[PDB]
Amino acid sequence: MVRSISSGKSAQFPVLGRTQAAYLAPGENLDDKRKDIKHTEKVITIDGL
Amino acid sequence: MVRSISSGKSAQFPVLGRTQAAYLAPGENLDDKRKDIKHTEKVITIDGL
Amino acid sequence: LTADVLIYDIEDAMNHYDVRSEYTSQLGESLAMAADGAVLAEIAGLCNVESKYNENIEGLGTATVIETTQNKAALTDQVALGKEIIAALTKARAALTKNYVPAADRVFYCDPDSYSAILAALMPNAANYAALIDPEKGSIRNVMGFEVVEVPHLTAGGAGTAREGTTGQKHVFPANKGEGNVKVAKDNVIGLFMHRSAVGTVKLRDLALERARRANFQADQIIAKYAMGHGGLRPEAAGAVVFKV
Amino acid sequence: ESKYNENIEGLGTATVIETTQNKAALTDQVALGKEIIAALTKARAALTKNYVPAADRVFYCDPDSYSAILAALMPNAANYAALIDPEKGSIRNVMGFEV
Amino acid sequence: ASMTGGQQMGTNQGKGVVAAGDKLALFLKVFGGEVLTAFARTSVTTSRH
Amino acid sequence: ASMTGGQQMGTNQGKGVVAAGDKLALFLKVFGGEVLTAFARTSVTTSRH
């Protein structure tokens with residue numbers, strides 16, 4: 001997979017975590033436990049002539 | 001395969017089975033022997049939210 | 001010969017659904033099935049186990065054939081068995097055609113695990129080039145002109161005396177092989193081959209059920225019944241295949 | 001469960017054991033393949049003797065087991081080349097089943 | 001943590017039952033709308049005789 | 001357990017049968033269908049040499 005860009009020194013792309021569900025006790029609150037998808041990014045560096 | 005229910009807590013199912021054929025030596029008592037094929041349930045509970 | 005059941009009106013009063021139909025279904029099933037088992041038991045034993053008495057004077061002998069190796073527990077390899085079943089079937093062709101039974105209309109019967117021994121006997125693995133079979137649904141295709149009808153219910157078929165399958169049923173398959181004398185048995189058996197007639201069934205009174213309301217027990221009862229005979233004829237073509245010892 | 005095989009009848013819900021010993025001495029991965037094809041056949045028997053309709057079946061396995069069947073079949077072992085498309089990775093139906 | 005106000009519709013409660021748990025307790029079971037009949041056994045030897 | 005009696009059209013009885021242990025039955029057997037011929041053979045040879 002190849003994508004052409006312009007301008008600056010480098011390009012980056014993020015990724016994601018594809019989360020996992022859980023049960024719920026009756027009449028109780030969900031603010032106790034959750035975890036985000038934890039999206040972090042990675043970069044490439046252009047070289048030169 | 002699945003199928004929906006509404007309302008109440010859990011789903012129940014009846015199960016019955018087979019038989020065993022017999023002989024009649026005339027004359028005799030037709031009601032003196034029966035195996036009573038019985039039955040049994042199968043219980044499945046919806047868990048929770 | 002028959003079976004039946006009875007429905008109490010109180011126990012039927014409080015409950016869900018219906019039944020009263022699939023019950024009748026179970027009746028018909030039990031009956032036809034019992035008939036089949038009785039037939040197979042008959043062609044198995046009666047056309048075989050008889051001592052010193054063979055058809056007419058001519059020497060047409062039934063005479064099922066013995067098997068390679070021994071020890072019905074010797075293998076359990078699921079292969080190296082099916083091959084012996086092939087060789088067996090060929091021997092069946094042999095011992096059958098001495099009695100002139102023609103037309104390649106013959107039919108064969110085998111219990112499920114041994115059917116799968118034939119299955120495992122060919123396979124992509126081991127063996128060689130595909131000839132008879134195909135994967136997915138094993139029908140086999142055919143063999144030498146028999147065909148396998150895959151019967152899970154083997155032995156049994158007595159359906160005599162009490163509802164329980166013991167204590168002096170009518171058409172019987174002997175407990176063990178050796179005894180003083182007998183040939184085909186429960187412990188060591190493989191398959192039962194025939195042509196047709198080769199066997200027979202006559203039937204009278206057909207097949208019917210009746211629903212009779214009962215009084216003192218405040219219940220009713222449904223009883224399906226019939227009567228038919230079972231007998232062997234022309235042992236000249238009949239027999240089985242069986243393990244040694 | 002050891003007992004409680006529902007009602008008492010021809011339903012045995014059988015499981016199939018095997019040969020050699022476990023994982024340890026077992027896997028060059030092409031022995032397990034053949035052995036487990038045979039196991040599949042035996043399983044088909046143990047299912048059939050209880051009746052149930054023909055076909056209309058499904059077989060679940062792990063990817064390792066799957067690829068192990070794939071690697072058992074095509075070269076070096078089997079003959080006449082059935083049940084699989086060599087140039088793809090999706091096996092057709094084997095016995096009456098859907099893998 | 002948790003929420004208060006409770007009310008946990010299905011539950012035993014009442015005067016003296018206590019038992020401290022099993023918040024399912026009383027509810028209806030609506031079954032399946034479907035029965036599992038004995039597995040269909042169809043036999044051979046019908047023809048060929 | 002049983003019923004002692006009946007019409008029992010079998011077991012012919014008669015004055016002079018002693019003791020004529022109970023058997024079934026008096027009524028007549030009937031021939032049916034068509035007879036069994038022995039299977040004819042084939043020409044085999046002589047159609048060749």
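What ³J(HN,Hα) values, in whole Hz, does the Karplus curve 6.51 cos²θ - 1.76 cosθ + 1.60 give for the stretch C:48-54 when θ = phi - 60°, with x put for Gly and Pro?
10, 4, 4, 9, 6, 10, 10
Distances longer than 18 Å among the Cα atoms of chain F: what percent of all pairs is that?
I get 65 percent for the Cα pairs in chain F exceeding 18 Å.
Considering chain C, what Rg and Dmax in Å follow from its alpha-carbon atoms?
21.8, 71
Give the long-range amide H neighbours of residue C:80: residues separated by 5 or more places, or on another chain, with amide H under 5 Å away, using H modelled in the peptide plane at 1.01 Å from N.
When sequence neighbours closer than 5 places are left aside, there are no close amide H contacts.
With charges set only on the Cβ (+1 for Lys and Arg, -1 for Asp and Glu), what does the dipole of chain D come to about its Cα centre, in debye to the nearest 20?
Dipole magnitude for chain D comes out near 220 debye.
Which ³J(HN,Hα) values in Hz, rounded to whole numbers, follow from the phi angles of the stretch A:28-41 under the Karplus curve 6.51 cos²θ - 1.76 cosθ + 1.60, where θ = phi - 60° and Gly and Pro get x?
10, 8, 8, 5, 5, 9, 7, 9, 6, 6, 6, 8, 10, 10
Would you mind giving the mean number of other chain beta-carbons within 10 Å of the Cβ of each residue in B:28-41, as a whole number?
If you average over the peptide's residues, the count of other-chain Cβ atoms is 4.
Summing -39500 (n - 2.57) over the DSSP H runs of n ≥ 4 in chain C and dividing by its residue number, what mean residue ellipticity at 222 nm do you reach, to the nearest 500 deg cm²/dmol?
-7500 deg cm²/dmol
How many Cβ atoms of partner chains, on average, are near each residue of C:157-166 if near means within 10 Å of its Cβ?
Across C:157-166, the average partner-chain Cβ count within 10 Å equals 4.
Check the axis relating chain B to chain A and name the residue of B whose C-beta is nearest, distance in whole Å.
Value returned for chain B: B:1, 41.
Students often get this wrong, so check it: of C:72/D:49; A:33/B:9; D:49/D:88; C:83/C:137, which have C-alpha atoms separated by over 23 Å?
A:33/B:9; D:49/D:88
Going 7 Å from Cα along the Cα-Cβ axis for the label, what nanometre distances separate residue E:2 from the same residue across the other copies?
The projected label point of residue E:2 is separated from its counterparts by 7.4 nm.
How tilted is helix C:112-122 with respect to the longest principal axis of chain C? Cα atoms for both, answer in degrees (0 to 90, nearest 10).
For helix C:112-122, the angle is close to 30 degrees.
GNM, chain C, Cα, under 10 Å: largest mean-square fluctuation among C:64, C:90, C:161?
Largest GNM mean-square fluctuation: C:161.
Mind checking which of C:142, C:15, C:181 has the largest fluctuation in a GNM of chain C, springs on alpha carbons under 10 Å?
C:15
Please grab the % of Cα pairs in chain D that end up more than 24 Å from each other.
Percent of Cα pairs beyond 24 Å in chain D: 32.
Would you please give the residues with an amide H less than 5 Å from that of residue B:22, counting only those at least 5 places away or on a separate chain, with H modeled from the backbone geometry?
C:2, C:3
Enumerate the amide H contacts of residue C:7 below 5 Å, restricted to partners 5 or more residues apart or on another chain; note that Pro and chain-start residues carry no placed amide H.
Excluding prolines and chain starts, which carry no amide H, the hits are C:220, C:221, C:222.
Who wins for biggest fluctuation among C:213, C:106, C:141 in a Gaussian network model of chain C, springs between alpha carbons below 10 Å?
Answer for the Gaussian network model of chain C: C:213.
Could you compute the longest span of chain D free of trypsin sites (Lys or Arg not before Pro) located in DSSP loops and having at most 10 other Cβ atoms within 10 Å, not counting the site residues?
Value returned for the longest uninterrupted segment is D:24-87.
By the gyration tensor of its Cα atoms, with a ≥ b ≥ c the square roots of the eigenvalues, what is the shape of the protein assembly as shown: rounded for a/c under 1.5, prolate for a/b over b/c, or oblate?
oblate
Where a Cα-Cα gap under 18 Å defines reach, which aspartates and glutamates qualify for residue C:91, not counting those fewer than 8 residues away within the same chain?
Within the straight-line limit of under 18 Å, residue C:91 reaches these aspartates and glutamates: C:67, C:105, C:147, C:236.
Please average, across the residues of C:121-133, the number of beta carbons from any other chain that are within 10 Å of each residue's own beta carbon, and give a whole number.
Taking the mean over all residues of the peptide, I get 4.
Which entries of B:42/E:23; C:52/C:177; C:170/C:225; A:35/E:29 show an alpha-carbon separation above 28 angstrom in the structure shown?
Among B:42/E:23; C:52/C:177; C:170/C:225; A:35/E:29, the Cα-Cα distance tops 28 Å for A:35/E:29.
Hey, can you rank C:116-125, C:151-160 by average C-beta count inside 10 Å, highest first?
Averaged packing, sorted descending, gives the order C:116-125, C:151-160.
Once phi is turned into ³J(HN,Hα) by the Karplus curve 6.51 cos²θ - 1.76 cosθ + 1.60 with θ = phi - 60°, what whole-Hz value does each residue of the stretch E:11-18 show in order, with x for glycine and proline?
These are the phi-based 3J(HN,Hα) values: 4, 5, 6, x, 4, x, 5, 6 Hz.
Can you list, shortest first in nanometers, how far residue B:4 lies from the same residue in the other copies, with each label 7 Å from Cα toward Cβ?
From this label point to the equivalent ones elsewhere in the assembly: 5.2 nm.
Values quoted throughout were computed directly from the atomic coordinates according to the rules given, and no laboratory measurement underlies them. Every residue, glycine as well, gets a Cβ built from its backbone with ideal geometry; the counts of neighbours run over all protein chains shown.
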